[PDB]
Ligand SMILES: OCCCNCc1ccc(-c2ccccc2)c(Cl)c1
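Only one chain comes next, encoded as structure tokens, the form solved without the named molecule.
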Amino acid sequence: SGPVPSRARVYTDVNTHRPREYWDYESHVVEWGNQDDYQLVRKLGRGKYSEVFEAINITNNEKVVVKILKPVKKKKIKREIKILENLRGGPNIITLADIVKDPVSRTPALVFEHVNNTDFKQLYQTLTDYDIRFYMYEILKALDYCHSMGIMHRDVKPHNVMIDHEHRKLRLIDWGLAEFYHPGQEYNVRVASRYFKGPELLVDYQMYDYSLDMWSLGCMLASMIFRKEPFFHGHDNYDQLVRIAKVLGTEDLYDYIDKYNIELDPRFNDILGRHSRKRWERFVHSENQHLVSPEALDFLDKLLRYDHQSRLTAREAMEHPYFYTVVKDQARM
């Protein structure tokens, strides 16, 4: 007997109610620009896989960011373009400005409106309590928007959050793993970086939704308020679930397994063992106590649930008491 089917609790049918062309990215017709409008200035430090550059638009002298889409399926390129076009102008969403190909190389590139190469990872272990709440709220605006637009990001992590801390501006970047949510669709579980992978990915439950992003956000929040990077520090994808099980406990894990009739990979049998659900107080110490409050712990607890259906939505998260002072100060200013 197969796994039990699942639906998103929110924004379940938004793509069904759209015209086919909104989400049918394989049939999207891209008018490919010319690279000659742009001059690359310097390579942005994004590690070994990346080809991201600061560039100049020659015509207007405006600074842009260029991402060279190194060889991968045509299908993945049209998916990222269509998602960026659909989300263009959304709150805290990076703005796609142009789509170009090398005249000779024929390699496709995305041009984005300029942001400083200063990610949340470089800032997010040195912020005040108020600033963690502020930036988390800004990330939730981007996630509620993309979820409301029928899209899951699937790669929420500090490296994909660009922050201009002087202007208190944030952008959610790298939509290369993002997908359209369709009720009943079984998705690839080989998404997200190890430390941010939701339990659904680790146990191979394919009928996941927007709630995957809310697990990743919880992992980010835990690492920031406890100053523990990453929070769930697995050796590999198998040990990753063990690190979660040692915190969330094994009772709720096996109840989740039972509820969705998930066939657990046999490897897990020897390694998961039996663990109590730990009180969050265990992670609190003298160097992180100024970031931890009852409000923060209540909010974190409601994000980090095995059962994806149980997790706060982005909109429910934005209504949590943890953000009351952020919401007040936003209206006031």
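A residue's number is simply how far along the shown sequence it sits, counting from 1.
Of 307-315 and 321-329, the one with larger mean CA B-factor: The deposited B-factors put 321-329 ahead on the C-alpha mean.
Mean C-alpha temperature factor, higher of 211-219 and 182-190: It is 182-190.
Residue of maximum C-alpha B factor among 200, 98, 166, 80, per deposited coordinates: Result of the comparison over 200, 98, 166, 80: 166.
Which of 116, 148, 206, 240 ranks first by CA B-factor in the deposited coordinates: Result of the comparison over 116, 148, 206, 240: 116.
Chain-wide C-alpha B factor ranking for residue 70, given as lowest, middle or highest third: Ranked within chain, residue 70 CA B lands in the highest tercile.
Residue 176 by Cα B-factor - lowest, middle or highest third of the modelled chain: Tercile = lowest for this residue's CA B-factor.
Chain-relative CA temperature factor third for residue 106: Highest third of the chain for residue 106's C-alpha B-factor.
Entry-reported Cα temperature factor of residue 262, expressed as the chain third it lands in: Highest third, going by the recorded CA B-factors of the chain.
Entry-reported Cα temperature factor of residue 300, expressed as the chain third it lands in: For residue 300, whose C-alpha B-factor we compare with every modelled residue in the chain, the answer is the lowest third.
Another form exists, solved in complex with the named molecule; not displayed. Remarks below refer to it.
Pocket open vs blocked [the named molecule transferred in the entry with it bound by site C-alpha superposition; 2.4 Å, backbone or C-beta, 3 atoms]: Blocked, per the superposed partner pose.
Touches the named molecule in the entry with it bound: residue 159 (any heavy atom, 4.5 Å): Contact check for residue 159: yes, within 4.5 Å of the named molecule in the entry with it bound.
Proximity of residue 224 to the named molecule in the entry with it bound, heavy atoms at 4.5 Å: Yes, contact at 4.5 Å.
is_contact(residue 117, the named molecule) in the entry with it bound, heavy atom dist at most 4.5 Å: Looking in the entry with it bound, residue contacts with the named molecule include residue 117, since a heavy atom lies within 4.5 Å.
Exercise: residue 139 in contact with the named molecule in the entry with it bound, heavy atom 4.5 Å: Yes - in the entry with it bound, heavy atoms of residue 139 and the named molecule come within 4.5 Å of each other.
Proximity to the named molecule in the entry with it bound, single hit among 192, 97, 132, 149 (heavy atom within 4.5 Å): So the residue touching the named molecule in the entry with it bound, by this definition, is 132.
One residue of 143, 220, 212, 83 in contact with the named molecule, assessed in the entry with it bound (non-hydrogen atom, 4.5 angstroms): It is 220 that has a heavy atom within 4.5 Å of the partner.
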